[PDB]
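Okay, so here's just one chain, in structure tokens, the form deposited in one PDB entry.
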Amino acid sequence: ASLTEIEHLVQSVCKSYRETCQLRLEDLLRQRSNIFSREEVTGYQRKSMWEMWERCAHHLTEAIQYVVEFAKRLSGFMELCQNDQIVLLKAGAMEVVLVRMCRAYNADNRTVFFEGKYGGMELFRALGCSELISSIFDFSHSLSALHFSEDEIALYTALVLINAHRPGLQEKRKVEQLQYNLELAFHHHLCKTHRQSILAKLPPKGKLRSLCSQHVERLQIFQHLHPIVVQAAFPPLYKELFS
């Protein structure tokens, strides 16, 4: 409740994000010419549905683990009760990764960083969920048009996580208070940097929810086809969040 306090929250959030961002932006940018060839692409398409699902679930889990660490270092998160921490992470971890993903997306040729190189949505054809894949690509394309700075991603992803509307919260008002302070920090930073134009261009929450629902739906379809693969070869954290 003072400029100095809000500004302190902005830097805290930005720091917490930097420490848990998984890959540095520069590293991702340096690799943009490193693109899968036609032969490697064909190689991905020839892989079994279940091998590809397993690999995607593994990489999603790695990314989620960084988001979990982000939350632990996020001012006020650990002071919430354990029930609410779990509720917020279960609902928001995937949404945060989806936002973070625009950093690894190349709008100029419509590719994303995956297993050491950049590839287009055709790389994922073996998954058998083309609607989900192109929606994530489209979502990433829309976020790329905003030209997020890292600090903006830090602040926005903090708010994606700290959402007082999540069902199952026991200390709703306490999450409301933290949410409000992070909104002030985000919006103060946007005001300071003359970037409040992006507020109206941020995707609605229903878009993020739609992507997460589709992901869960397509997992369910896949798990019905290969139940022992999920039981035997999917990461436990993934199954906990999504099964």
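Shifts are known only where both forms have a C-alpha. We number the residues from 1 along the sequence you see. We call the rigid core the largest set of C-alpha positions that still match within 1.5 Å between the two forms.
From this point on, the text means the form deposited in another entry, which you will not see here.
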Answer yes if the CA of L219 moves 2 Å or more between this form and the one not shown after aligning the rigid core, and no otherwise.
yes
For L25, decide whether the Cα shift between this form and the one not shown is 2 Å or greater, given a superposition on the rigid core.
no
Taking the shown form as reference, the Cα pair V229 and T42 shifts by 3 Å or more in the other form and sits farther
Quick one: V229 and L127 C-alpha atoms, closer or farther in the other form compared with this form (3 angstroms or more)?
farther
Enumerate, in order of sequence, every stretch of at least three consecutive residues present in both forms where each C-alpha is displaced by 2 angstroms or more between this form and the one not shown, superposition done on the rigid core.
219-234
